[PDB]
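One structure is given here, and the rest of the page talks about it.
Note: ideal-geometry Cβ built from the backbone for every residue, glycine included; neighbour counts use all protein chains shown. What follows draws every value from the coordinates through simple rules; no lab data is involved.
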Amino acid sequence: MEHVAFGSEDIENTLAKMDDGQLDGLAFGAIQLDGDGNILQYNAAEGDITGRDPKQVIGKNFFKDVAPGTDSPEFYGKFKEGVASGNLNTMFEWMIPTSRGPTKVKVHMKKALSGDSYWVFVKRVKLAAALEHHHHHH
Ligand SMILES: COc1cc(O)ccc1/C=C1N=C(/C=C/c2ccncc2)N(C)C\1=O
């Protein structure tokens, strides 16, 4: 009846009942990974922004092709980290380097309700500028 909300208290409960059709309707990115990190689900929204295909990512790991070079303890490490505890709950910002240039965004990974899957949402942050903070060598 109501619309979906990013980082909602019942975001998983809602999506669990919703299918791929509605998922793509979302105004944000949604990616479901398995215990190993294999792309189980992929909403069109994210596929459009990033430029990746859902039926093409299916089976492939998020750090395998979906994100080459993301095999760090900050991203990949956290993913498997929570999996060991049985509740991958992490919320931080990530940099998505593209052809047009790097752009900061919001990343949220919450383990599914069934436990045999993990939800990964992504929302582009607001526009903003920045400067350099370099000093003389010491
Ligand atoms: C939450 O993070 C993401 C969500 C997504 O949906 C897609 C991507 C990323 C993150 C990253 N993607 C890349 C590189 C992609 C690439 C694609 C095609 N050719 C060369 C490189 N790097 C370095 C990332 O950190």
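Below is a table of values for the structure above.
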{"item": "Which numbered condition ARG100 misses (of (1) in contact (Cβ under 8 Å) with a residue 60 or more places away in the chain; (2) over 22 Å from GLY7 (Cβ atoms); (3) not β-branched (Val, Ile, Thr))", "result": "(1)"}
{"item": "Residues (touching a strand residue (DSSP E or B) at 6+ places or on another chain (Cβ under 8 Å), over 21 Å from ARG100 (Cα atoms) and assigned to a loop (DSSP other than H, G, I, E, B)) located in segment 46-73", "result": "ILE58, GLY59, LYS60, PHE62"}
{"item": "Members of segment 99-108 that are more than 17 Å from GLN32 (Cα to Cα) and either more than 10 Å from the ligand (Cβ to nearest atom) or under 15 Å from the mean Cα position of the chain (by Cα) (or both)", "result": "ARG100, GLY101, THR103, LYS104, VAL105"}
{"item": "Filter result for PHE28 (touching a strand residue (DSSP E or B) at 6+ places or on another chain (Cβ under 6 Å), surrounded by fewer than 17 Cβ atoms within 10 Å (Cβ to Cβ) and under 23 Å from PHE75 (Cβ atoms))", "result": "no"}
{"item": "Residue in segment 2-38 that is nearest to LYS64 (Cα to Cα), counting only those that are assigned to a helix (DSSP H, G or I) and among the aliphatic types (A, V, I, L, M)", "result": "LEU23"}
{"item": "Given (1) of a type in the set (S, T, N, Q); (2) buried (at least 17 other Cβ atoms within 10 Å of the Cβ); (3) assigned to a loop (DSSP other than H, G, I, E, B), index of the condition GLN41 fails", "result": "(3)"}
{"item": "Looking only at segment 89-98, and only at residues there that are within 14 Å of the ligand (Cβ to nearest atom) and of a type outside the set (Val, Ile, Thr), the one that is farthest from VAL122 (Cα to Cα)", "result": "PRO97"}
{"item": "Test: residue in segment 6-13 that is at negative phi, in contact (Cβ under 8 Å) with a residue 24 or more places away in the chain, crowded, with 19+ Cβ neighbours inside 10 Å and under 15 Å from the mean Cα position of the chain (by Cα)", "result": "no"}
{"item": "Positions within segment 46-88 being more than 14 Å from the ligand (Cβ to nearest atom), among the polar types (S, T, N, Q) and either touching a residue at least 24 places away in the same chain (Cβ under 8 Å) or crowded, with 18+ Cβ neighbours inside 10 Å (or both), in sequence order", "result": "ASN87"}
{"item": "Qualifying positions in segment 38-64 - under 12 Å from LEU26 (Cβ atoms) and among the aliphatic types (A, V, I, L, M)", "result": "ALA44, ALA45, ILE49"}
